[PDB]
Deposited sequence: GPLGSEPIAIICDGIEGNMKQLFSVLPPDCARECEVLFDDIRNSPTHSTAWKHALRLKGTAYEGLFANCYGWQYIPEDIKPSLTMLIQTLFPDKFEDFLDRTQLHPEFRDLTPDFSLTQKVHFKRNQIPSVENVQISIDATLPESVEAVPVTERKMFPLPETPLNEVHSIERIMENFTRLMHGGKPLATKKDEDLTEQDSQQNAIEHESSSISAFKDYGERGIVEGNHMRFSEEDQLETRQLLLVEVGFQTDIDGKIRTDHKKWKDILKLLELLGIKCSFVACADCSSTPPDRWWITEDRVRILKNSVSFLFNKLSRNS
């Protein structure tokens, strides 16, 4: 079956998926569907579909918790996160990572921070501004993730880890904190959470040596979960399976 026909066949479902996504995510996913429609090979199409699955899913996940879909090329790195949020510590950070220069660039899907206080603004910037994903409370977002791992499956499809450093009730409202999140829709679930864990237990360690509060989440969903049990609300999972997972399902049938 010809991909232009298959993409004509699910175009309606797709258009529903783009409408439930953050605006940047929707633009980015439109391209991926035009690229899939127009692919020369099942190998080229499949590679884009794999991206649209992941790209769509972060968009839904970001949408479900108040976060903003940060496209891949502009996702902040560790060094950008360190330098922007903690300039004073930036010089010390550069040192700890001298033997591990690979840690300098690690990029969480989501890099969150608690809004701190102690239109016709500037709108164009010649260089990218390293983006600030601001959340009202890391802790309250942390709570809702621990609860869902113990009922009030989820305990198996994630990890929550916090670096042990202490922050006061003024210190949480005085100082910057970091919640780093990895989300997936991969087949092998305990891979996301264990692969990242190897790097991430060590990184949380290093951020605590440098005096930064940093919080972590890894989680994943797979097709075989009950619809009422995804990390994103059940109505959303109705759309992702009907759009993107359907597009895989036909793309394994013709190849």
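Participant: When the deposited sequence is counted from residue 1, which ranges lack any model?
Facilitator: Holes in the chain trace, numbered from 1: 1-5, 124-150, 185-216.
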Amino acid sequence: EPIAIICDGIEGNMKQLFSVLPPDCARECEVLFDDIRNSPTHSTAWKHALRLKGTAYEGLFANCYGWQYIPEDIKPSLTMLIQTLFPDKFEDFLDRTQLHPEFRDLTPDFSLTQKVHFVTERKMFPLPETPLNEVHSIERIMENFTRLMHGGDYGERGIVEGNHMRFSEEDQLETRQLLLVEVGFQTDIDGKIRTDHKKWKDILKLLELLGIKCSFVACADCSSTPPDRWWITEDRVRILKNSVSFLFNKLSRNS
From here on, numbers count along this sequence of modelled residues.
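Participant: Per the record, averaged over C-alpha atoms, which has the higher B-factor: 177-185 or 164-172?
Facilitator: Per the deposited B-factors, the answer is 164-172.
Participant: Do the C-alpha atoms of 193-201 or of 40-48 have the higher average B factor in the entry?
Facilitator: That would be 193-201.
Participant: Would you please rank residue 55 by its C-alpha temperature factor against the other modelled residues of its chain and give the third it falls in: lowest, middle or highest?
Facilitator: CA B-factor rank for residue 55: lowest third.
Participant: With respect to C-alpha B-factor, does residue 94 fall in the lowest, middle or highest third of the chain as deposited?
Facilitator: For residue 94, whose C-alpha B-factor we compare with every modelled residue in the chain, the answer is the highest third.
Participant: Within this chain, which third does the Cα B-factor at residue 88 fall in: lowest, middle or highest?
Facilitator: Its C-alpha B-factor, which the entry lists for residue 88, ranks in the highest third among residues of this chain.
Participant: Ordered by C-alpha B-factor within the chain, which third holds residue 81? Give me lowest, middle or highest, please.
Facilitator: Ranked within chain, residue 81 CA B lands in the middle tercile.
Participant: Using the temperature factors of the C-alpha atoms in this entry, rank residue 115 within its chain: lowest, middle or highest third.
Facilitator: Its C-alpha B-factor belongs to the middle third of this chain's values.
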